[PDB]
Amino acid sequence: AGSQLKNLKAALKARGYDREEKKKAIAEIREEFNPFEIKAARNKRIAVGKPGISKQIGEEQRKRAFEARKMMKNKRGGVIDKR
Amino acid sequence: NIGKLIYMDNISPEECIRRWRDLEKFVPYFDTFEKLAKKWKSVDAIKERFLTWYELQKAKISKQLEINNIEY
Amino acid sequence: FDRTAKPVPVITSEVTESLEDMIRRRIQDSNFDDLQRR
Amino acid sequence: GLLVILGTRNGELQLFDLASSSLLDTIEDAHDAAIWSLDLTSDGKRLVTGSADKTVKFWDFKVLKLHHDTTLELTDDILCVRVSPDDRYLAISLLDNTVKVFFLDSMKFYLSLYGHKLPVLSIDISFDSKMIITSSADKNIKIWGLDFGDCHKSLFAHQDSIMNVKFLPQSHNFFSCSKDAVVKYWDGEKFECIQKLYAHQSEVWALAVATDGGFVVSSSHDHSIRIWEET
Amino acid sequence: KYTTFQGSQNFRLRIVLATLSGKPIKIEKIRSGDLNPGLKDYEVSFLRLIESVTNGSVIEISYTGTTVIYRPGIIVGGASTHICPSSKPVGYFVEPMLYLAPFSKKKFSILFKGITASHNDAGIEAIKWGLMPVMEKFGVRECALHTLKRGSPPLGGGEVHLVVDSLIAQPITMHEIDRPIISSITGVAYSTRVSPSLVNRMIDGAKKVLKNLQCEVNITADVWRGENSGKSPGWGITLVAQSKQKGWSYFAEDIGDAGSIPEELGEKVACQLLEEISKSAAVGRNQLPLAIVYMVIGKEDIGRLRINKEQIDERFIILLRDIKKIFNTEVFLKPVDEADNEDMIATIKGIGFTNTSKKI
Amino acid sequence: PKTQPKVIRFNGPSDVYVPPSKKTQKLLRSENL
RNA sequence: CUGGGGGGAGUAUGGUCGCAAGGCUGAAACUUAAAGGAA
């Protein structure tokens with residue numbers, strides 16, 4: 001049907017010296033008109049995943065794990081916190 | 001007197017200073033600003049504080065050795 | 001062990017955000033590398 | 001209550017009341033030139049008058065008469081004064097694009113707030129005596145933190161000239177009425193515009209907030225005086 | 001096995017001298033009779049900094065937190081970073097690293113991240129202009145405290161890159177049998193996230209106190225603009241007095257807070273400096289600890305340094321008692337042979353120190 | 001019986017104009033015919 | 001009115017000493033006026 005550009009101009013005419021309304025409206029139209037960072041399946045009788053966010057948390061997790069192992073790698077001491 | 005007071009280690013350090021007349025805090029103890037203002041309105045108290053190679057190395061080490069003896 | 005080539009980059013939200021604000025800088029300064037009609 | 005202090009365009013100050021007739025006393029030669037702004041202290045016994053003869057003066061109430069005792073001459077035409085609501089600061093707005101914050105107890109010259117870029121109208125000090133507003137003919141009001149004199153916002157309102165700006169009693173919300181027939185309600189935390197009130201027709205010269213409760217009156221150039229309450 | 005200390009006084013000096021000497025210590029009764037007894041977070045993070053700097057040192061905090069066991073190890077250095085807490089600035093953690101700094105395998109390149117200044121601690125300008133020259137003439141030659149950004153309290157957000165890169169064997173033996181003639185008096189007035197006129201007000205106050213002495217006064221001025229300013233408003237002033245024929249220096253600093261007049265702070269730091277000049281002789285009252293620490297870990301010779309009467313205090317002699325408690329050495333205070341003043345000359349025979357971590 | 005005090009409030013834009021620009025920026029890290 | 005390095009034409013530079021870039025100004029602690037610039 002109608003274009004994403006036409007619907008985007010309609011969404012901007014919809015949303016229209018306050019700041020937080022513009023922060024909210026801009027974040028809303030960005031996460032609405034960005035469809036390639038969700039994943040949609042087809043209901044055989046729909047947003048089923050958030051690929052980029054899942055990827056960035058899965059790689060930041062192992063990034064801090066890798067830096068922790070690189071910090072541990074040639075240590076021999078350690079504080080023993082019994083508190 | 002003062003060295004025997006310092007290394008006599010059954011008396012408190014303020015007692016050493018008292019019978020002669022804490023390091024987490026880095027900057028030392030100063031007076032009140034008003035006492036220091038009336039003390040240092042004058043300035044004249046401190047106006048006089050204001051205003052061959054092988055044989056050379058051997059001379060430096062023998063200079064240190066004679067300093068060692070004359071301070072022993 | 002040593003490995004031959006760098007793996008294919010995973011496209012996360014940080015790299016899409018960096019790429020989008022690159023595009024926004026170019027597109028509000030009209031820094032467009034188009035073909036020019038002779 | 002039942003007693004009015006006032007200063008006039010020429011070098012005169014005047015005192016009136018509510019029960020009796022007009023003049024308790026006038027003070028001819030209260031200032032050499034045009035008075036511009038006065039302020040009581042929160043107990044009321046001591047008031048401050050700043051005038052276009054490049055001087056401010058202090059006056060006490062002796063018994064119901066005015067006692068001039070001290071006078072601070074500046075280099076420039078002072079055109080607004082204010083004290084803190086807890087007798088603490090004296091903020092005075094000069095014609096030379098700046099304000100100065102003094103200590104009342106020392107005339108100490110605490111701070112100089114600078115960078116407004118036109119001569120600067122009404123000040124206000126908050127109830128906690130921590131946050132000041134600064135209005136001017138630059139079409140913007142600046143929020144300043146009074147502890148170090150550091151600016152917080154420089155929000156652009158009011159496309160002609162902000163004549164007056166006043167806090168609420170107990171909050172950090174404030175009002176500003178301007179020379180383009182509009183009063184505006186702001187908050188001092190998110191610095192949004194809470195409301196854009198649009199009832200006047202011409203230049204809104206003054207506004208005054210209630211001491212408690214917080215209903216605000218505004219009075220303008222179209223000879224109108226109007227009340228604003230809560231919903 | 002363990003040399004035992006009591007109380008949470010001189011905590012950083014105890015852990016530092018235990019790392020230098022290689023002796024296992026216990027510190028017992030860390031504020032045990034208190035409502036929240038035990039170690040505090042800033043000294044726990046100092047222990048974490050010690051574990052970062054050394055290698056093979058085992059620190060063993062108890063259940064109650066009121067006693068710590070430090071069995072030291074080899075100083076190895078390396079590049080690191082330290083996110084020190086808001087309870088203490090970066091000076092509280094870079095001051096005890098200047099002792100351990102030239103005696104490691106790999107050179108110190110650490111950047112501390114936190115609040116820059118405090119009333120009761122060392123600043124960036126304090127560490128640099130006061131405490132680096134005494135190391136610079138005790139034997140190190142390449143040491144630098146860089147500010148990448150600085151953060152005034154309470155939110156801070158300033159980073160400080162301590163880099164020492166002369167790994168000496170031992171500090172040289174000091175011989176300062178004179179009072180150094182003060183050639184100039186300079187300083188630095190800094191301000192972050194406030195107006196640039198406060199710096200000139202501070203400078204004018206300090207120099208109107210300083211104007212009656214017949215030397216030369218020069219105070220440099222830096223306002224910090226941008227992301228380099230940090231997360232909070234702040235301003236402060238640090239003066240040094242500079243003996244240029246030998247390199248000695250005597251400093252005094254402070255910072256302003258909420259409600260402080262900059263001319264007041266400038267004249268206060270100026271008068272505090274002149275009192276440090278009065279109560280000083282060849283060191284400062286705060287440069288004196290690491291001066292006599294480097295004299296006691298010098299060679300196995302006699303090193304002598306002049307001090308005056310008023311520099312002796314409970315802090316100075318509790319320092320001397322801790323030095324003798326760890327590695328069994330005494331200072332010998334001999335008086336000078338001229339009597340217009342009361343100055344001792346402290347002679348310390350240094351222990352036979354070398355750094356054995358640097359690879360040959 | 002008037003108590004006449006004075007005031008002086010010089011502004012310091014030159015203190016930002018003489019910040020670490022070149023010199024302090026470099027120093028604050030240590031025939032024809 | 002005595003004092004002198006070493007040819008001519010060039011080339012390169014991970015060395016040392018300098019000088020130099022950014023990026024609309026106002027305008028930063030302030031996303032801030034007027035005015036100007038550019039297109």
# chains A, B, ... in the order shown; residues from 1 in each chain; ligands from 1
$ closest_atom_pairs --of "chain F" --to "chain E" --cutoff "12 Å" --atoms "only C-alpha atoms" --output "tab-separated table"
residue	atom	partner	partner_atom	distance
F:8	CA	E:201	CA	11.3
F:9	CA	E:197	CA	9.1
F:10	CA	E:197	CA	7.9
F:11	CA	E:197	CA	5.8
F:12	CA	E:197	CA	4.6
F:13	CA	E:196	CA	6.8
F:14	CA	E:196	CA	8.7
F:15	CA	E:196	CA	6.2
F:16	CA	E:196	CA	6.5
F:17	CA	E:196	CA	10.0
F:18	CA	E:221	CA	8.4
F:19	CA	E:222	CA	6.1
F:20	CA	E:222	CA	7.5
F:21	CA	E:222	CA	10.9
F:23	CA	E:220	CA	11.9
F:24	CA	E:222	CA	8.9
F:25	CA	E:222	CA	10.4
F:27	CA	E:220	CA	11.2
F:28	CA	E:146	CA	8.7
F:29	CA	E:146	CA	6.0
F:30	CA	E:144	CA	6.5
$ interface_residues --of "chain G" --to "chain F" --cutoff "12 Å" --atoms "only C-alpha atoms (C1' of nucleotides)" --output "list in words"
residues 19, 20 and 28 of chain G
$ interface_residues --of "chain G" --to "chain D" --cutoff "7 Å" --atoms "only C-alpha atoms (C1' of nucleotides)" --output "PDB file with C-alpha atoms (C1' of nucleotides), in the first residue's frame"
ATOM      1  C1'   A G  29      29.241  27.103  33.627  1.00  0.00           C
ATOM      2  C1'   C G  30      23.955  28.732  29.731  1.00  0.00           C
ATOM      3  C1'   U G  32      21.175  31.567  24.714  1.00  0.00           C
ATOM      4  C1'   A G  33      19.463  37.314  22.133  1.00  0.00           C
TER       5        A G  33
END
$ residues_around --residues "stretch 10-18 of chain A" --least-positions-apart "3" --cutoff "8 Å" --atoms "only C-alpha atoms (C1' of nucleotides)" --output "ChimeraX atom specification"
/A:6-7,21-22,25,29 /D:156-157,191-193
$ residues_around --residues "residue B:70" --least-positions-apart "4" --cutoff "12 Å" --atoms "only C-alpha atoms (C1' of nucleotides)" --output "list in words"
residues 63, 64, 65 and 66 of chain B; 302 and 347 of chain E
$ residues_around --residues "stretch 1-10 of chain D" --least-positions-apart "3" --cutoff "9 Å" --atoms "only C-alpha atoms (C1' of nucleotides)" --output "ChimeraX atom specification"
/D:13-19,29-38,49
$ write_last_selection --atoms "N, CA, C and O atoms" --output "compact mmCIF listing (two decimals), in the first residue's frame"
# COMPACT_ATOMS: atom_id res chain seq x y z
N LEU D 13 10.41 59.21 47.36
CA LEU D 13 9.84 57.99 47.89
C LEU D 13 8.65 58.40 48.74
O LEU D 13 8.56 59.53 49.20
N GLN D 14 7.70 57.48 48.92
CA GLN D 14 6.44 57.83 49.56
C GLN D 14 5.93 56.65 50.37
O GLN D 14 6.18 55.48 50.04
N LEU D 15 5.18 56.95 51.43
CA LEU D 15 4.60 55.93 52.29
C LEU D 15 3.13 56.23 52.52
O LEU D 15 2.77 57.38 52.79
N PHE D 16 2.28 55.21 52.40
CA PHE D 16 0.84 55.33 52.61
C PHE D 16 0.38 54.18 53.49
O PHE D 16 1.16 53.29 53.83
N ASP D 17 -0.90 54.17 53.83
CA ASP D 17 -1.48 53.11 54.66
C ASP D 17 -2.86 52.78 54.11
O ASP D 17 -3.21 53.13 52.98
N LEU D 18 -3.66 52.07 54.90
CA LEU D 18 -4.99 51.64 54.49
C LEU D 18 -6.12 52.30 55.27
O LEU D 18 -7.17 52.59 54.69
N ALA D 19 -5.94 52.51 56.57
CA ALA D 19 -7.03 53.06 57.37
C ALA D 19 -7.09 54.58 57.27
O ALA D 19 -8.16 55.16 57.06
N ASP D 29 14.16 63.90 47.77
CA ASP D 29 15.59 63.59 47.64
C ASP D 29 15.91 62.25 48.31
O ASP D 29 16.87 62.10 49.06
N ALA D 30 15.04 61.27 48.06
CA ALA D 30 15.38 59.90 48.42
C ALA D 30 16.48 59.38 47.52
O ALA D 30 17.27 58.52 47.94
N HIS D 31 16.56 59.88 46.29
CA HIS D 31 17.61 59.53 45.35
C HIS D 31 17.84 60.70 44.42
O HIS D 31 17.00 61.59 44.29
N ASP D 32 19.01 60.71 43.78
CA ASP D 32 19.36 61.83 42.91
C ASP D 32 18.65 61.75 41.57
O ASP D 32 18.43 62.78 40.92
N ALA D 33 18.25 60.55 41.14
CA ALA D 33 17.67 60.33 39.82
C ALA D 33 16.52 59.34 39.98
O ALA D 33 15.98 59.16 41.07
N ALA D 34 16.12 58.74 38.86
CA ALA D 34 14.96 57.86 38.82
C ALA D 34 15.17 56.62 39.67
O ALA D 34 16.15 55.89 39.48
N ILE D 35 14.26 56.38 40.61
CA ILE D 35 14.32 55.14 41.36
C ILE D 35 13.88 54.02 40.43
O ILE D 35 13.18 54.25 39.43
N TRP D 36 14.37 52.83 40.67
CA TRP D 36 13.93 51.79 39.76
C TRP D 36 13.39 50.56 40.46
O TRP D 36 12.45 49.96 39.94
N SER D 37 13.95 50.17 41.60
CA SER D 37 13.41 48.99 42.26
C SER D 37 13.73 49.01 43.73
O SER D 37 14.85 49.33 44.12
N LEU D 38 12.76 48.61 44.54
CA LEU D 38 12.94 48.49 45.97
C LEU D 38 12.53 47.09 46.41
O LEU D 38 11.82 46.38 45.69
N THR D 49 16.59 50.33 48.22
CA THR D 49 16.14 51.09 47.06
C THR D 49 17.30 51.30 46.10
O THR D 49 18.29 51.94 46.45
$ residues_around --residues "stretch 47-56 of chain B" --least-positions-apart "2" --cutoff "12 Å" --atoms "only C-alpha atoms (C1' of nucleotides)" --output "VMD selection string"
(chain B and resid 42 to 45 58 to 63) or (chain E and resid 178 to 185 210 212 to 217 241 to 244 274 277 to 282)
$ select_by_dssp --residues "stretch 155-356 of chain E" --states "helix (DSSP H, G or I)" --output "count of residues only"
58
$ atom_distance --atom1 "atom CA of residue E:140" --atom2 "atom CA of residue E:110"
17.2 Å
$ residues_around --residues "residue D:100" --least-positions-apart "3" --cutoff "9 Å" --atoms "only C-alpha atoms (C1' of nucleotides)" --output "PyMOL selection string"
(chain D and resi 90-94+109-114) or (chain F and resi 9)
$ decode --residues "stretch 86-121 of chain E" --atoms "C-alpha atoms" --output "PDB file, in the first residue's frame"
ATOM      1  CA  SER E  86      33.792   9.352  45.792  1.00  0.00           C
ATOM      2  CA  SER E  87      34.966   9.250  49.406  1.00  0.00           C
ATOM      3  CA  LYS E  88      38.501  10.269  48.427  1.00  0.00           C
ATOM      4  CA  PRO E  89      39.945  12.039  45.393  1.00  0.00           C
ATOM      5  CA  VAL E  90      42.577  10.737  42.997  1.00  0.00           C
ATOM      6  CA  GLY E  91      45.298  12.351  45.105  1.00  0.00           C
ATOM      7  CA  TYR E  92      44.602   9.942  47.965  1.00  0.00           C
ATOM      8  CA  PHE E  93      45.534   7.080  45.633  1.00  0.00           C
ATOM      9  CA  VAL E  94      48.306   8.672  43.568  1.00  0.00           C
ATOM     10  CA  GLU E  95      50.151   9.893  46.682  1.00  0.00           C
ATOM     11  CA  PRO E  96      50.991   6.366  47.961  1.00  0.00           C
ATOM     12  CA  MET E  97      51.844   5.228  44.438  1.00  0.00           C
ATOM     13  CA  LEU E  98      54.703   7.722  44.214  1.00  0.00           C
ATOM     14  CA  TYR E  99      56.641   5.629  46.724  1.00  0.00           C
ATOM     15  CA  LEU E 100      56.165   2.338  44.870  1.00  0.00           C
ATOM     16  CA  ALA E 101      56.410   3.980  41.469  1.00  0.00           C
ATOM     17  CA  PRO E 102      60.133   3.786  40.543  1.00  0.00           C
ATOM     18  CA  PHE E 103      60.737   0.260  41.883  1.00  0.00           C
ATOM     19  CA  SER E 104      58.793  -2.039  39.552  1.00  0.00           C
ATOM     20  CA  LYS E 105      59.325  -4.344  36.583  1.00  0.00           C
ATOM     21  CA  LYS E 106      57.244  -2.323  34.154  1.00  0.00           C
ATOM     22  CA  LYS E 107      56.805   1.433  34.316  1.00  0.00           C
ATOM     23  CA  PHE E 108      53.798   3.009  35.988  1.00  0.00           C
ATOM     24  CA  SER E 109      51.195   4.104  33.470  1.00  0.00           C
ATOM     25  CA  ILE E 110      47.990   4.272  35.509  1.00  0.00           C
ATOM     26  CA  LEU E 111      45.036   6.572  35.029  1.00  0.00           C
ATOM     27  CA  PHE E 112      42.868   7.257  38.059  1.00  0.00           C
ATOM     28  CA  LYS E 113      39.244   8.213  37.550  1.00  0.00           C
ATOM     29  CA  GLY E 114      37.243  10.161  40.090  1.00  0.00           C
ATOM     30  CA  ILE E 115      37.107  13.397  42.021  1.00  0.00           C
ATOM     31  CA  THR E 116      40.166  15.568  41.501  1.00  0.00           C
ATOM     32  CA  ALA E 117      40.362  17.639  44.668  1.00  0.00           C
ATOM     33  CA  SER E 118      39.472  17.641  48.343  1.00  0.00           C
ATOM     34  CA  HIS E 119      40.061  19.861  51.347  1.00  0.00           C
ATOM     35  CA  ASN E 120      42.002  17.197  53.214  1.00  0.00           C
ATOM     36  CA  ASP E 121      43.978  15.487  50.450  1.00  0.00           C
TER      37      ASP E 121
END
